[PDB]
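Below is one structure, written out as structure tokens; the observations come after it.
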Amino acid sequence: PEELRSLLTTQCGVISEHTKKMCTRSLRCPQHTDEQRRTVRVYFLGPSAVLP
Ligand SMILES: [Zn+2]
């Protein structure tokens with residue numbers, strides 16, 4: 001969780017339909033938006049883990 005939380009800072013992390021898991025490329029990777037990465041943080045680290 002520590003490094004995962006640190007992952008989402010530069011790494012996409014956007015979970016591809018749960019099964020494929022977090023996206024491993026950078027945030028900017030595809031059309032995976034800020035919301036898309038947000039969705040993951042709030043999922044993994046907490047409902048109130050909306051980091052910028
Ligand atoms: Zn991505």
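Chains: A, B, ... in order of the structure tokens. Residues: from 1 per chain. Ligands: from 1, in order shown.
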
Which neighbours of residue 21 (chain A) fall inside 12 Å, counting only C-alpha atoms, when residues of the same chain fewer than 4 positions from it are skipped, and could you give them as a PyMOL selection string?
chain A and resi 12-17+40+44

Please identify the residues whose atoms come within 7 Å of ligand 1, using only C-alpha atoms and all ligand atoms, and report them as a VMD selection string.
chain A and resid 12 to 14 23 to 30 32

Filtering to N, CA and C atoms, could you give me those residues as a compact mmCIF listing (two decimals), in the first residue's frame?
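Done, and the output landed in selection10.txt:
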```
# COMPACT_ATOMS: atom_id res chain seq x y z
N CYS A 12 0.31 4.98 -13.85
CA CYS A 12 -1.09 5.00 -14.27
C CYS A 12 -1.99 4.43 -13.21
N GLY A 13 -1.81 3.17 -12.93
CA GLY A 13 -2.43 2.52 -11.82
C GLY A 13 -3.87 2.27 -12.02
N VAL A 14 -4.37 2.65 -13.14
CA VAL A 14 -5.74 2.50 -13.43
C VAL A 14 -6.09 1.07 -13.73
N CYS A 23 -2.94 -0.33 -14.04
CA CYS A 23 -2.17 -0.06 -15.22
C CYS A 23 -0.74 0.31 -14.84
N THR A 24 0.21 -0.24 -15.51
CA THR A 24 1.60 -0.15 -15.08
C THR A 24 2.40 0.99 -15.72
N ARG A 25 1.95 1.47 -16.87
CA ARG A 25 2.57 2.61 -17.52
C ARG A 25 2.35 3.86 -16.73
N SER A 26 2.86 4.94 -17.20
CA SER A 26 2.68 6.23 -16.59
C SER A 26 1.18 6.66 -16.62
N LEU A 27 0.79 7.61 -15.79
CA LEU A 27 -0.62 8.17 -15.71
C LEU A 27 -1.10 8.53 -17.10
N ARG A 28 -0.21 9.19 -17.81
CA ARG A 28 -0.41 9.76 -19.13
C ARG A 28 -0.53 8.69 -20.23
N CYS A 29 -0.32 7.45 -19.84
CA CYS A 29 -0.29 6.28 -20.72
C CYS A 29 -1.26 6.30 -21.95
N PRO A 30 -2.59 6.34 -21.76
CA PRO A 30 -3.56 6.24 -22.84
C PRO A 30 -4.56 7.44 -22.76
N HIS A 32 -6.53 7.16 -20.12
CA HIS A 32 -6.76 6.94 -18.74
C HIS A 32 -6.53 8.26 -18.05
```

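For the pair CA of residue 4 (chain A) and CA of residue 52 (chain A), the separation is 14.8 Å.
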
As number ranges by chain, which residues of chain A does DSSP assign to helix (DSSP H, G or I)?
A: 2-7, 34-44

Put those residues in a file: N, CA and C atoms, as a tab-separated table (two decimals), in the first residue's frame.
```
chain	number	residue	atom	x	y	z
A	2	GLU	N	2.00	1.22	0.63
A	2	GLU	CA	2.88	2.37	0.74
A	2	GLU	C	3.40	2.77	-0.63
A	3	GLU	N	3.95	1.80	-1.32
A	3	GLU	CA	4.51	1.99	-2.59
A	3	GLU	C	3.49	2.06	-3.67
A	4	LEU	N	2.39	1.42	-3.46
A	4	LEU	CA	1.26	1.53	-4.35
A	4	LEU	C	0.72	2.96	-4.37
A	5	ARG	N	0.58	3.53	-3.21
A	5	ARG	CA	0.19	4.89	-3.03
A	5	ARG	C	1.20	5.81	-3.71
A	6	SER	N	2.44	5.36	-3.73
A	6	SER	CA	3.52	6.07	-4.36
A	6	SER	C	3.53	5.81	-5.89
A	7	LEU	N	2.98	4.66	-6.29
A	7	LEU	CA	2.87	4.25	-7.67
A	7	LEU	C	2.00	5.23	-8.42
A	34	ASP	N	-7.24	11.47	-15.11
A	34	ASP	CA	-6.95	11.78	-13.70
A	34	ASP	C	-7.96	11.12	-12.79
A	35	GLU	N	-9.12	10.90	-13.32
A	35	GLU	CA	-10.23	10.33	-12.61
A	35	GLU	C	-10.07	8.85	-12.50
A	36	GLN	N	-9.52	8.32	-13.53
A	36	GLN	CA	-9.26	6.94	-13.67
A	36	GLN	C	-8.22	6.44	-12.67
A	37	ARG	N	-7.26	7.26	-12.41
A	37	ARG	CA	-6.19	6.94	-11.47
A	37	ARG	C	-6.70	7.19	-10.06
A	38	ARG	N	-7.54	8.20	-9.96
A	38	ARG	CA	-8.17	8.60	-8.69
A	38	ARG	C	-9.02	7.48	-8.15
A	39	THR	N	-9.80	6.94	-9.04
A	39	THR	CA	-10.66	5.81	-8.82
A	39	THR	C	-9.92	4.63	-8.16
A	40	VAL	N	-8.68	4.47	-8.50
A	40	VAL	CA	-7.86	3.41	-8.00
A	40	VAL	C	-7.34	3.69	-6.60
A	41	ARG	N	-6.90	4.90	-6.40
A	41	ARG	CA	-6.37	5.32	-5.11
A	41	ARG	C	-7.44	5.24	-4.05
A	42	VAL	N	-8.61	5.68	-4.42
A	42	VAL	CA	-9.73	5.73	-3.51
A	42	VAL	C	-10.23	4.31	-3.24
A	43	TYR	N	-9.97	3.45	-4.18
A	43	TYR	CA	-10.27	2.03	-4.06
A	43	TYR	C	-9.27	1.33	-3.12
A	44	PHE	N	-7.99	1.51	-3.39
A	44	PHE	CA	-6.92	0.84	-2.65
A	44	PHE	C	-6.59	1.44	-1.32
```
